[PDB]
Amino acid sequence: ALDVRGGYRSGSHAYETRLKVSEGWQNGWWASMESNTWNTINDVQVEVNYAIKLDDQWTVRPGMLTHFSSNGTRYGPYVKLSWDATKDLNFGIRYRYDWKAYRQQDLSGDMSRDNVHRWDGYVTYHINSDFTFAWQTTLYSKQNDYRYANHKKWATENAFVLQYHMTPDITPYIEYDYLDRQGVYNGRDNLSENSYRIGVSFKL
């Protein structure tokens, strides 16, 4: 599947575009590659996991998200648990440890590693043949002496996605995210970060 997404961030006063290609294999392997651009008025991420079928409803996915930026490489081993409660309702939970392969100045001025503990919760609800609603909730916290742009050692994200199944292989969507007070505009941080996004996913 190919996903193209454009987004506006209200606190950062910035536009971002994501181009993403993802595929599940019948042997259980799954992978994704994406690029994200950032235009104030950049990253590449590779994700791989393996789907362990516990039964017809339950799947465990050991995986890793590798994140490439100009600062360097960040490795995010994870485990995701997925439950298809019904054909129309799926729940998911993931814990990921984001470990930076590069050292950065911490809040005390010492060189350390800005590693992160990250949890995501997922609910996907196929409302009817036309629409699917998905919510992803996220909590991450710092392992070491660093902070987020909200002046805390932790922050949240909440992503709300409405997908319209126009075609069986074309799915336009709209999305609203609240990314905590993590907006940064001209060195000034602690801004409310609303995120408004529109995209479309294309199946083969």
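All residue numbers refer to positions in the sequence shown, first residue = 1.
Trainee: Comparing average C-alpha B factors as deposited, tell me which of 166 to 174 and 134 to 142 sits higher.
Mentor: According to the entry, 166 to 174 carries the higher average C-alpha B-factor.
Trainee: Do the CA atoms of 31 to 39 or those of 56 to 64 have the higher mean B-factor in the entry?
Mentor: Of 56 to 64 and 31 to 39, the stretch with the higher C-alpha B-factor average is 31 to 39.
Trainee: Name the residue from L81, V123, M111, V116 with the greatest C-alpha temperature factor listed in the entry.
Mentor: Highest C-alpha B-factor among the listed residues goes to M111.
Trainee: Determine, from the deposited record, the chain-internal third of the Cα B-factor for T86: lowest, middle or highest.
Mentor: Middle third - that is where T86 ends up once the chain's C-alpha B-factors are sorted.
Trainee: In terms of the chain's CA B-factor thirds, is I127 lowest, middle or highest?
Mentor: Its C-alpha B-factor, which the entry lists for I127, ranks in the highest third among residues of this chain.
Trainee: Going by the entry, which third of its chain does the Cα temperature factor of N150 land in?
Mentor: According to the entry, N150 has a C-alpha B-factor in the chain's middle third.
Trainee: In terms of the chain's CA B-factor thirds, is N49 lowest, middle or highest?
Mentor: Its C-alpha B-factor, which the entry lists for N49, ranks in the lowest third among residues of this chain.
Trainee: Ranking every modelled residue in this chain by its Cα temperature factor as given in the entry, which third contains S70?
Mentor: Within its chain, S70 is a highest-third residue by C-alpha B-factor, going by the deposited values.
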